[PDB]
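*Asks:* My structure file input-v7.pdb, PDB, C-alpha atoms and all ligand atoms, is below:
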```pdb
ATOM      1  CA  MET U   1       9.482   6.782   5.987  1.00  0.00           C
ATOM      2  CA  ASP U   2      10.837   9.879   3.102  1.00  0.00           C
ATOM      3  CA  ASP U   3      10.660   6.427   1.491  1.00  0.00           C
ATOM      4  CA  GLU U   4       9.369   7.032  -2.052  1.00  0.00           C
ATOM      5  CA  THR U   5       7.658   3.662  -1.520  1.00  0.00           C
ATOM      6  CA  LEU U   6       5.031   5.641   0.409  1.00  0.00           C
ATOM      7  CA  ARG U   7       4.206   7.653  -2.710  1.00  0.00           C
ATOM      8  CA  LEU U   8       3.340   4.598  -4.806  1.00  0.00           C
ATOM      9  CA  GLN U   9      -0.236   3.526  -5.591  1.00  0.00           C
ATOM     10  CA  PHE U  10      -1.441   0.523  -3.638  1.00  0.00           C
ATOM     11  CA  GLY U  11      -2.717  -1.327  -6.739  1.00  0.00           C
ATOM     12  CA  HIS U  12       0.548  -1.008  -8.692  1.00  0.00           C
ATOM     13  CA  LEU U  13       2.454  -2.337  -5.659  1.00  0.00           C
ATOM     14  CA  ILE U  14       0.086  -5.224  -4.866  1.00  0.00           C
ATOM     15  CA  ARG U  15       0.199  -6.231  -8.544  1.00  0.00           C
ATOM     16  CA  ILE U  16       3.897  -5.964  -9.545  1.00  0.00           C
ATOM     17  CA  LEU U  17       5.687  -6.913  -6.338  1.00  0.00           C
ATOM     18  CA  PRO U  18       3.870 -10.226  -5.718  1.00  0.00           C
ATOM     19  CA  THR U  19       4.105 -11.086  -9.456  1.00  0.00           C
ATOM     20  CA  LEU U  20       7.922 -10.761  -9.276  1.00  0.00           C
ATOM     21  CA  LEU U  21       8.105 -12.817  -6.049  1.00  0.00           C
ATOM     22  CA  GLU U  22       6.062 -15.617  -7.686  1.00  0.00           C
ATOM     23  CA  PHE U  23       8.342 -15.764 -10.776  1.00  0.00           C
ATOM     24  CA  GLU U  24      11.337 -15.820  -8.428  1.00  0.00           C
ATOM     25  CA  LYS U  25       9.917 -18.699  -6.366  1.00  0.00           C
ATOM     26  CA  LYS U  26       9.558 -20.619  -9.674  1.00  0.00           C
ATOM     27  CA  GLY U  27      13.177 -19.791 -10.758  1.00  0.00           C
ATOM     28  CA  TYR U  28      12.023 -17.728 -13.777  1.00  0.00           C
ATOM     29  CA  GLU U  29      13.536 -14.453 -15.053  1.00  0.00           C
ATOM     30  CA  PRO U  30      10.746 -12.565 -16.790  1.00  0.00           C
ATOM     31  CA  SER U  31      11.027  -9.831 -19.416  1.00  0.00           C
ATOM     32  CA  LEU U  32       9.531  -6.366 -18.733  1.00  0.00           C
ATOM     33  CA  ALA U  33       6.758  -7.376 -21.113  1.00  0.00           C
ATOM     34  CA  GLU U  34       6.009 -10.666 -19.176  1.00  0.00           C
ATOM     35  CA  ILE U  35       6.044  -8.733 -15.909  1.00  0.00           C
ATOM     36  CA  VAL U  36       3.429  -6.324 -17.274  1.00  0.00           C
ATOM     37  CA  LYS U  37       1.357  -9.152 -18.763  1.00  0.00           C
ATOM     38  CA  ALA U  38       1.331 -11.364 -15.600  1.00  0.00           C
ATOM     39  CA  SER U  39       0.741  -8.371 -13.186  1.00  0.00           C
ATOM     40  CA  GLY U  40      -2.086  -6.663 -15.041  1.00  0.00           C
ATOM     41  CA  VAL U  41      -0.707  -3.097 -14.959  1.00  0.00           C
ATOM     42  CA  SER U  42      -1.043  -1.169 -18.229  1.00  0.00           C
ATOM     43  CA  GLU U  43       2.088  -1.090 -20.380  1.00  0.00           C
ATOM     44  CA  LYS U  44       1.594   2.683 -20.781  1.00  0.00           C
ATOM     45  CA  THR U  45       1.522   3.175 -16.955  1.00  0.00           C
ATOM     46  CA  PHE U  46       4.623   0.889 -16.650  1.00  0.00           C
ATOM     47  CA  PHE U  47       6.837   2.460 -19.310  1.00  0.00           C
ATOM     48  CA  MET U  48       5.684   6.034 -18.738  1.00  0.00           C
ATOM     49  CA  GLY U  49       6.780   6.196 -15.081  1.00  0.00           C
ATOM     50  CA  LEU U  50       5.959   3.200 -12.836  1.00  0.00           C
ATOM     51  CA  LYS U  51       9.076   1.141 -13.520  1.00  0.00           C
ATOM     52  CA  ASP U  52      11.410   4.004 -12.735  1.00  0.00           C
ATOM     53  CA  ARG U  53       9.480   4.802  -9.525  1.00  0.00           C
ATOM     54  CA  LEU U  54       9.900   1.224  -8.286  1.00  0.00           C
ATOM     55  CA  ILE U  55      13.625   1.553  -9.033  1.00  0.00           C
ATOM     56  CA  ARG U  56      13.824   4.954  -7.254  1.00  0.00           C
ATOM     57  CA  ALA U  57      11.958   3.514  -4.251  1.00  0.00           C
ATOM     58  CA  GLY U  58      14.649   0.781  -3.755  1.00  0.00           C
ATOM     59  CA  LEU U  59      12.173  -2.031  -4.501  1.00  0.00           C
ATOM     60  CA  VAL U  60      13.647  -3.452  -7.717  1.00  0.00           C
ATOM     61  CA  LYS U  61      16.679  -3.175  -9.931  1.00  0.00           C
ATOM     62  CA  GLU U  62      16.704  -3.461 -13.741  1.00  0.00           C
ATOM     63  CA  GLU U  63      19.113  -5.876 -15.387  1.00  0.00           C
ATOM     64  CA  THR U  64      19.879  -7.015 -18.911  1.00  0.00           C
ATOM     65  CA  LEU U  65      18.358 -10.418 -19.679  1.00  0.00           C
ATOM     66  CA  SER U  66      19.525 -10.756 -23.295  1.00  0.00           C
ATOM     67  CA  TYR U  67      19.905  -8.532 -26.369  1.00  0.00           C
ATOM     68  CA  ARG U  68      17.071  -5.991 -26.272  1.00  0.00           C
ATOM     69  CA  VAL U  69      15.476  -7.665 -23.204  1.00  0.00           C
ATOM     70  CA  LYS U  70      15.487  -6.364 -19.629  1.00  0.00           C
ATOM     71  CA  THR U  71      14.164  -7.811 -16.399  1.00  0.00           C
ATOM     72  CA  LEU U  72      13.461  -6.508 -12.889  1.00  0.00           C
ATOM     73  CA  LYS U  73      15.133  -8.111  -9.874  1.00  0.00           C
ATOM     74  CA  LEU U  74      13.611  -7.678  -6.405  1.00  0.00           C
ATOM     75  CA  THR U  75      15.847  -6.043  -3.732  1.00  0.00           C
ATOM     76  CA  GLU U  76      15.813  -7.605  -0.223  1.00  0.00           C
ATOM     77  CA  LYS U  77      13.381  -4.779   0.758  1.00  0.00           C
ATOM     78  CA  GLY U  78      11.223  -5.361  -2.326  1.00  0.00           C
ATOM     79  CA  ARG U  79      11.079  -9.071  -1.515  1.00  0.00           C
ATOM     80  CA  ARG U  80      10.291  -8.440   2.145  1.00  0.00           C
ATOM     81  CA  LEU U  81       7.432  -6.122   1.078  1.00  0.00           C
ATOM     82  CA  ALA U  82       6.260  -8.479  -1.719  1.00  0.00           C
ATOM     83  CA  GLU U  83       5.661 -11.171   0.934  1.00  0.00           C
ATOM     84  CA  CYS U  84       3.688  -8.734   3.099  1.00  0.00           C
ATOM     85  CA  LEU U  85       1.644  -7.704   0.048  1.00  0.00           C
ATOM     86  CA  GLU U  86       0.750 -11.385  -0.668  1.00  0.00           C
ATOM     87  CA  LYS U  87      -1.265 -11.469   2.532  1.00  0.00           C
ATOM     88  CA  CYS U  88      -2.916  -8.164   1.662  1.00  0.00           C
ATOM     89  CA  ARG U  89      -4.083  -9.878  -1.561  1.00  0.00           C
ATOM     90  CA  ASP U  90      -5.719 -12.717   0.434  1.00  0.00           C
ATOM     91  CA  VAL U  91      -7.712 -10.218   2.489  1.00  0.00           C
ATOM     92  CA  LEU U  92      -8.837  -8.461  -0.684  1.00  0.00           C
TER      93      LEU U  92
ATOM     94  CA  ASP B   3     -11.784  -1.745  -5.918  1.00  0.00           C
ATOM     95  CA  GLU B   4     -11.222   1.828  -4.722  1.00  0.00           C
ATOM     96  CA  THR B   5      -8.666   0.324  -2.258  1.00  0.00           C
ATOM     97  CA  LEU B   6      -6.239  -0.194  -5.133  1.00  0.00           C
ATOM     98  CA  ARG B   7      -6.510   3.484  -6.208  1.00  0.00           C
ATOM     99  CA  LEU B   8      -5.230   4.602  -2.776  1.00  0.00           C
ATOM    100  CA  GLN B   9      -1.701   5.747  -2.054  1.00  0.00           C
ATOM    101  CA  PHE B  10       0.292   3.165  -0.072  1.00  0.00           C
ATOM    102  CA  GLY B  11       1.623   5.756   2.428  1.00  0.00           C
ATOM    103  CA  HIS B  12      -1.858   7.012   3.405  1.00  0.00           C
ATOM    104  CA  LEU B  13      -3.010   3.395   3.944  1.00  0.00           C
ATOM    105  CA  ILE B  14       0.035   2.418   5.895  1.00  0.00           C
ATOM    106  CA  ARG B  15      -0.408   5.431   8.237  1.00  0.00           C
ATOM    107  CA  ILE B  16      -4.156   5.534   8.774  1.00  0.00           C
ATOM    108  CA  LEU B  17      -5.301   1.871   9.075  1.00  0.00           C
ATOM    109  CA  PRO B  18      -2.512   0.682  11.432  1.00  0.00           C
ATOM    110  CA  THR B  19      -3.091   3.780  13.630  1.00  0.00           C
ATOM    111  CA  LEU B  20      -6.778   2.957  13.952  1.00  0.00           C
ATOM    112  CA  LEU B  21      -6.097  -0.702  14.710  1.00  0.00           C
ATOM    113  CA  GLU B  22      -3.621   0.186  17.480  1.00  0.00           C
ATOM    114  CA  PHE B  23      -6.203   2.557  19.106  1.00  0.00           C
ATOM    115  CA  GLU B  24      -8.803  -0.254  18.937  1.00  0.00           C
ATOM    116  CA  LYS B  25      -6.552  -2.905  20.566  1.00  0.00           C
ATOM    117  CA  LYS B  26      -6.063  -0.440  23.429  1.00  0.00           C
ATOM    118  CA  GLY B  27      -9.833   0.197  23.564  1.00  0.00           C
ATOM    119  CA  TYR B  28      -9.372   3.848  22.756  1.00  0.00           C
ATOM    120  CA  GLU B  29     -11.833   5.926  20.709  1.00  0.00           C
ATOM    121  CA  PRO B  30     -10.000   8.846  19.010  1.00  0.00           C
ATOM    122  CA  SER B  31     -11.403  12.046  17.574  1.00  0.00           C
ATOM    123  CA  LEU B  32     -10.581  12.889  13.936  1.00  0.00           C
ATOM    124  CA  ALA B  33      -7.778  15.283  15.037  1.00  0.00           C
ATOM    125  CA  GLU B  34      -6.143  12.489  17.072  1.00  0.00           C
ATOM    126  CA  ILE B  35      -6.223  10.266  13.960  1.00  0.00           C
ATOM    127  CA  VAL B  36      -4.534  12.980  11.918  1.00  0.00           C
ATOM    128  CA  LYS B  37      -1.845  13.660  14.508  1.00  0.00           C
ATOM    129  CA  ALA B  38      -1.068  10.036  15.436  1.00  0.00           C
ATOM    130  CA  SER B  39      -0.982   8.977  11.729  1.00  0.00           C
ATOM    131  CA  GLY B  40       1.320  11.761  10.435  1.00  0.00           C
ATOM    132  CA  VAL B  41      -0.978  12.714   7.551  1.00  0.00           C
ATOM    133  CA  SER B  42      -1.884  16.422   7.373  1.00  0.00           C
ATOM    134  CA  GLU B  43      -5.285  17.901   8.205  1.00  0.00           C
ATOM    135  CA  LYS B  44      -5.581  19.087   4.581  1.00  0.00           C
ATOM    136  CA  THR B  45      -4.803  15.667   3.119  1.00  0.00           C
ATOM    137  CA  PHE B  46      -7.281  13.979   5.492  1.00  0.00           C
ATOM    138  CA  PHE B  47     -10.118  16.543   5.114  1.00  0.00           C
ATOM    139  CA  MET B  48      -9.711  17.291   1.430  1.00  0.00           C
ATOM    140  CA  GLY B  49     -10.256  13.692   0.219  1.00  0.00           C
ATOM    141  CA  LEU B  50      -8.508  10.841   2.062  1.00  0.00           C
ATOM    142  CA  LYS B  51     -11.081  10.270   4.806  1.00  0.00           C
ATOM    143  CA  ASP B  52     -13.823   9.959   2.179  1.00  0.00           C
ATOM    144  CA  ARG B  53     -11.695   7.726  -0.038  1.00  0.00           C
ATOM    145  CA  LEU B  54     -11.189   5.323   2.799  1.00  0.00           C
ATOM    146  CA  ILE B  55     -14.982   5.304   3.410  1.00  0.00           C
ATOM    147  CA  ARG B  56     -15.742   4.722  -0.289  1.00  0.00           C
ATOM    148  CA  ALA B  57     -13.246   1.805  -0.326  1.00  0.00           C
ATOM    149  CA  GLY B  58     -15.160   0.208   2.617  1.00  0.00           C
ATOM    150  CA  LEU B  59     -12.158   0.317   4.906  1.00  0.00           C
ATOM    151  CA  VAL B  60     -13.587   2.656   7.551  1.00  0.00           C
ATOM    152  CA  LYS B  61     -16.907   4.115   8.670  1.00  0.00           C
ATOM    153  CA  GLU B  62     -17.213   7.669  10.028  1.00  0.00           C
ATOM    154  CA  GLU B  63     -19.306   8.031  13.200  1.00  0.00           C
ATOM    155  CA  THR B  64     -20.419  10.816  15.514  1.00  0.00           C
ATOM    156  CA  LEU B  65     -18.910   9.779  18.837  1.00  0.00           C
ATOM    157  CA  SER B  66     -20.399  12.721  20.809  1.00  0.00           C
ATOM    158  CA  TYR B  67     -21.845  16.259  20.296  1.00  0.00           C
ATOM    159  CA  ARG B  68     -18.193  17.300  20.363  1.00  0.00           C
ATOM    160  CA  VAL B  69     -16.149  14.919  18.199  1.00  0.00           C
ATOM    161  CA  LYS B  70     -16.279  12.367  15.383  1.00  0.00           C
ATOM    162  CA  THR B  71     -14.227   9.231  14.921  1.00  0.00           C
ATOM    163  CA  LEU B  72     -13.523   6.587  12.271  1.00  0.00           C
ATOM    164  CA  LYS B  73     -14.186   2.910  12.905  1.00  0.00           C
ATOM    165  CA  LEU B  74     -12.445   0.081  10.963  1.00  0.00           C
ATOM    166  CA  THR B  75     -14.752  -2.236   9.054  1.00  0.00           C
ATOM    167  CA  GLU B  76     -13.766  -5.950   9.081  1.00  0.00           C
ATOM    168  CA  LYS B  77     -12.107  -5.572   5.665  1.00  0.00           C
ATOM    169  CA  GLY B  78     -10.303  -2.499   6.998  1.00  0.00           C
ATOM    170  CA  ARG B  79      -9.339  -4.464  10.095  1.00  0.00           C
ATOM    171  CA  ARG B  80      -7.827  -7.436   8.205  1.00  0.00           C
ATOM    172  CA  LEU B  81      -5.866  -5.112   5.890  1.00  0.00           C
ATOM    173  CA  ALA B  82      -4.570  -3.079   8.868  1.00  0.00           C
ATOM    174  CA  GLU B  83      -2.989  -6.254  10.287  1.00  0.00           C
ATOM    175  CA  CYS B  84      -1.169  -6.909   6.987  1.00  0.00           C
ATOM    176  CA  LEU B  85      -0.034  -3.232   6.765  1.00  0.00           C
ATOM    177  CA  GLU B  86       1.529  -3.440  10.282  1.00  0.00           C
ATOM    178  CA  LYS B  87       3.787  -6.179   8.976  1.00  0.00           C
ATOM    179  CA  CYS B  88       4.567  -3.981   5.930  1.00  0.00           C
ATOM    180  CA  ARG B  89       5.599  -1.275   8.377  1.00  0.00           C
ATOM    181  CA  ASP B  90       8.115  -3.603  10.014  1.00  0.00           C
ATOM    182  CA  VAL B  91       9.799  -3.853   6.579  1.00  0.00           C
ATOM    183  CA  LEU B  92       9.950  -0.051   6.129  1.00  0.00           C
ATOM    184  CA  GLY B  93      10.106   1.726   9.537  1.00  0.00           C
TER     185      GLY B  93
HETATM  186 CL    CL U 101       2.561   4.490  -8.562  1.00  0.00          CL
HETATM  187 CL    CL U 102      -5.092   8.176  -1.129  1.00  0.00          CL
HETATM  188 CL    CL U 103     -10.755   3.423  15.678  1.00  0.00          CL
END
```
So, in terms of structure tokens, how does the structure I just supplied come out?
*Replies:*
Amino acid sequence: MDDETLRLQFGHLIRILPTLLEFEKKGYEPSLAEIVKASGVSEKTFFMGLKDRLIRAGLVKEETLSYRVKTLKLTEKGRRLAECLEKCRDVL
Amino acid sequence: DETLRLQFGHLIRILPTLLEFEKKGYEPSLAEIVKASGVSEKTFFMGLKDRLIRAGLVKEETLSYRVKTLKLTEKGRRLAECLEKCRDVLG
């Protein structure tokens, strides 16, 4: 529990991690821009720190999609947590 | 919601701790909540307690002339159950 996951904001987690699980269940590889758009985080919050914190925390990894276009892939830990956060969303 | 503005670590420590006391029928003082949860006294007393109250996740009550406690609301209770499962992923 030094997990940097603990340092993340609940809203950012409950937004981004379920969004990426739902794209994955559909077979779709979304761009950083589509991830922001579907999740509802601000692009300024995303590109000015959040993305790199999710990477640091072992929750996602960034990959090249095509020229000039990157995606995030869930790690097994990020996917395990994403599923737990889906139920949190129901409650809320 | 104010719930979304909370830090995941503080949530994952406090609300599960309270739920586990409640299942055992135990009514902890504020100091016992701090110690069992692993948050510091300063973190708890300098904003976190009151953030959890403002998010509707807990209610503060005077338990006796001696001590206070926090009770889970039903929202707080449902979210605690989900955060336990989250804790099985981390550990
Ligand atoms: Cl964050
Ligand atoms: Cl907090
Ligand atoms: Cl309690």
*Asks:* I'd like a table as a tab-separated table: residues in chain U with an atom no more than 9 Å from ligand CL 101 (chain U), each row giving the shortest atom pair and its distance in Å to one decimal, all atoms listed in the file counted, sorted by chain and rising residue number.
*Replies:*
```
residue	atom	partner	partner_atom	distance
U:5	CA	U:CL101	CL	8.7
U:7	CA	U:CL101	CL	6.9
U:8	CA	U:CL101	CL	3.8
U:9	CA	U:CL101	CL	4.2
U:10	CA	U:CL101	CL	7.5
U:11	CA	U:CL101	CL	8.1
U:12	CA	U:CL101	CL	5.9
U:13	CA	U:CL101	CL	7.4
U:45	CA	U:CL101	CL	8.6
U:49	CA	U:CL101	CL	8.0
U:50	CA	U:CL101	CL	5.6
U:51	CA	U:CL101	CL	8.8
U:53	CA	U:CL101	CL	7.0
U:54	CA	U:CL101	CL	8.0
```
*Asks:* Can you work out which residues from chain U touch chain B at a cut-off of 12 Å (counting all atoms listed in the file) and hand them back as an MDAnalysis selection string?
*Replies:* chainID U and resid 1:15 41 57:59 76:92
*Asks:* At a cut-off of 12 Å, using all atoms listed in the file, what residues contact residue B:27? Leave out same-chain residues fewer than 6 positions from it and give the result as a PyMOL selection string.
*Replies:* chain B and resi 20-21+73
*Asks:* With distances taken over all atoms listed in the file, which of B:57, B:46, B:75, B:51 is nearest to ligand CL 103 (chain U)?
*Replies:*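 Among B:57, B:46, B:75, B:51, it is B:75 that comes nearest to ligand CL 103 (chain U).
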*Asks:* Starting from the displayed file, determine the output of the PyMOL selection byres (((chain B and resi 37-42) around 8) and not hetatm) and express the residue list as a list in words.
*Replies:* residues 12, 15, 16, 19, 33, 34, 35, 36, 43, 44, 45 and 46 of chain B
*Asks:* Using only C-alpha atoms and all ligand atoms, which residue out of B:24, B:56, B:48, B:68 lies closest to ligand CL 103 (chain U)?
*Replies:*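 When distances to ligand CL 103 (chain U) are compared using only C-alpha atoms and all ligand atoms, the smallest one comes from B:24.
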*Asks:* What does the distance between atom CA of residue B:22 and atom CA of residue B:74 come to in Å, to one decimal place?
*Replies:* 11.0 Å
*Asks:* Using Å and a single decimal, report how far atom CA of residue U:23 sits from atom CA of residue U:48.
*Replies:* 23.4 Å
*Asks:* Will you model N, CA, C and O atoms for stretch 34-52 of chain B and pass it back as a PDB file, keeping the file's coordinate frame?
*Replies:*
```pdb
ATOM      1  N   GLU B  34      -7.099  13.436  16.519  1.00  0.00           N
ATOM      2  CA  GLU B  34      -6.143  12.489  17.072  1.00  0.00           C
ATOM      3  C   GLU B  34      -5.705  11.506  15.986  1.00  0.00           C
ATOM      4  O   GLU B  34      -4.585  11.085  15.959  1.00  0.00           O
ATOM      5  N   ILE B  35      -6.586  11.166  15.047  1.00  0.00           N
ATOM      6  CA  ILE B  35      -6.223  10.266  13.960  1.00  0.00           C
ATOM      7  C   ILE B  35      -5.190  10.921  13.056  1.00  0.00           C
ATOM      8  O   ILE B  35      -4.176  10.325  12.686  1.00  0.00           O
ATOM      9  N   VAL B  36      -5.447  12.174  12.706  1.00  0.00           N
ATOM     10  CA  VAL B  36      -4.534  12.980  11.918  1.00  0.00           C
ATOM     11  C   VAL B  36      -3.160  13.063  12.598  1.00  0.00           C
ATOM     12  O   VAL B  36      -2.116  12.754  12.001  1.00  0.00           O
ATOM     13  N   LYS B  37      -3.131  13.448  13.868  1.00  0.00           N
ATOM     14  CA  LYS B  37      -1.845  13.660  14.508  1.00  0.00           C
ATOM     15  C   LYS B  37      -1.108  12.346  14.651  1.00  0.00           C
ATOM     16  O   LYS B  37       0.040  12.235  14.239  1.00  0.00           O
ATOM     17  N   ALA B  38      -1.755  11.330  15.224  1.00  0.00           N
ATOM     18  CA  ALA B  38      -1.068  10.036  15.436  1.00  0.00           C
ATOM     19  C   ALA B  38      -0.588   9.452  14.106  1.00  0.00           C
ATOM     20  O   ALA B  38       0.503   8.890  14.038  1.00  0.00           O
ATOM     21  N   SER B  39      -1.367   9.595  13.033  1.00  0.00           N
ATOM     22  CA  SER B  39      -0.982   8.977  11.729  1.00  0.00           C
ATOM     23  C   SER B  39       0.113   9.710  10.930  1.00  0.00           C
ATOM     24  O   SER B  39       0.768   9.106  10.093  1.00  0.00           O
ATOM     25  N   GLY B  40       0.325  11.004  11.184  1.00  0.00           N
ATOM     26  CA  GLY B  40       1.320  11.761  10.435  1.00  0.00           C
ATOM     27  C   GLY B  40       0.898  12.264   9.053  1.00  0.00           C
ATOM     28  O   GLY B  40       1.705  12.846   8.344  1.00  0.00           O
ATOM     29  N   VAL B  41      -0.355  12.035   8.675  1.00  0.00           N
ATOM     30  CA  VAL B  41      -0.978  12.714   7.551  1.00  0.00           C
ATOM     31  C   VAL B  41      -1.401  14.108   7.998  1.00  0.00           C
ATOM     32  O   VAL B  41      -1.595  14.325   9.175  1.00  0.00           O
ATOM     33  N   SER B  42      -1.486  15.065   7.059  1.00  0.00           N
ATOM     34  CA  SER B  42      -1.884  16.422   7.373  1.00  0.00           C
ATOM     35  C   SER B  42      -3.413  16.546   7.423  1.00  0.00           C
ATOM     36  O   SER B  42      -4.154  15.749   6.851  1.00  0.00           O
ATOM     37  N   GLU B  43      -3.872  17.566   8.117  1.00  0.00           N
ATOM     38  CA  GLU B  43      -5.285  17.901   8.205  1.00  0.00           C
ATOM     39  C   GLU B  43      -5.891  18.102   6.807  1.00  0.00           C
ATOM     40  O   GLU B  43      -7.015  17.634   6.536  1.00  0.00           O
ATOM     41  N   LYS B  44      -5.145  18.792   5.945  1.00  0.00           N
ATOM     42  CA  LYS B  44      -5.581  19.087   4.581  1.00  0.00           C
ATOM     43  C   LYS B  44      -5.704  17.853   3.704  1.00  0.00           C
ATOM     44  O   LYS B  44      -6.693  17.710   2.960  1.00  0.00           O
ATOM     45  N   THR B  45      -4.704  16.986   3.761  1.00  0.00           N
ATOM     46  CA  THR B  45      -4.803  15.667   3.119  1.00  0.00           C
ATOM     47  C   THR B  45      -6.014  14.834   3.621  1.00  0.00           C
ATOM     48  O   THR B  45      -6.809  14.317   2.851  1.00  0.00           O
ATOM     49  N   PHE B  46      -6.157  14.715   4.918  1.00  0.00           N
ATOM     50  CA  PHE B  46      -7.281  13.979   5.492  1.00  0.00           C
ATOM     51  C   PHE B  46      -8.632  14.543   5.120  1.00  0.00           C
ATOM     52  O   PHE B  46      -9.507  13.800   4.718  1.00  0.00           O
ATOM     53  N   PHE B  47      -8.800  15.853   5.292  1.00  0.00           N
ATOM     54  CA  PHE B  47     -10.118  16.543   5.114  1.00  0.00           C
ATOM     55  C   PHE B  47     -10.457  16.974   3.669  1.00  0.00           C
ATOM     56  O   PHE B  47     -11.593  17.337   3.351  1.00  0.00           O
ATOM     57  N   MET B  48      -9.483  16.909   2.788  1.00  0.00           N
ATOM     58  CA  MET B  48      -9.711  17.291   1.430  1.00  0.00           C
ATOM     59  C   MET B  48      -9.775  16.089   0.507  1.00  0.00           C
ATOM     60  O   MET B  48      -9.677  16.287  -0.703  1.00  0.00           O
ATOM     61  N   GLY B  49      -9.946  14.867   1.047  1.00  0.00           N
ATOM     62  CA  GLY B  49     -10.256  13.692   0.219  1.00  0.00           C
ATOM     63  C   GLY B  49     -10.008  12.309   0.784  1.00  0.00           C
ATOM     64  O   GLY B  49     -10.744  11.394   0.479  1.00  0.00           O
ATOM     65  N   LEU B  50      -8.973  12.156   1.603  1.00  0.00           N
ATOM     66  CA  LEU B  50      -8.508  10.841   2.062  1.00  0.00           C
ATOM     67  C   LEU B  50      -9.503  10.134   2.979  1.00  0.00           C
ATOM     68  O   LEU B  50      -9.811   8.973   2.774  1.00  0.00           O
ATOM     69  N   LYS B  51     -10.006  10.823   3.993  1.00  0.00           N
ATOM     70  CA  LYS B  51     -11.081  10.270   4.806  1.00  0.00           C
ATOM     71  C   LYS B  51     -12.188   9.596   3.957  1.00  0.00           C
ATOM     72  O   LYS B  51     -12.557   8.400   4.148  1.00  0.00           O
ATOM     73  N   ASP B  52     -12.708  10.382   3.019  1.00  0.00           N
ATOM     74  CA  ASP B  52     -13.823   9.959   2.179  1.00  0.00           C
ATOM     75  C   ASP B  52     -13.423   8.889   1.178  1.00  0.00           C
ATOM     76  O   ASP B  52     -14.254   8.128   0.752  1.00  0.00           O
TER      77      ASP B  52
END
```
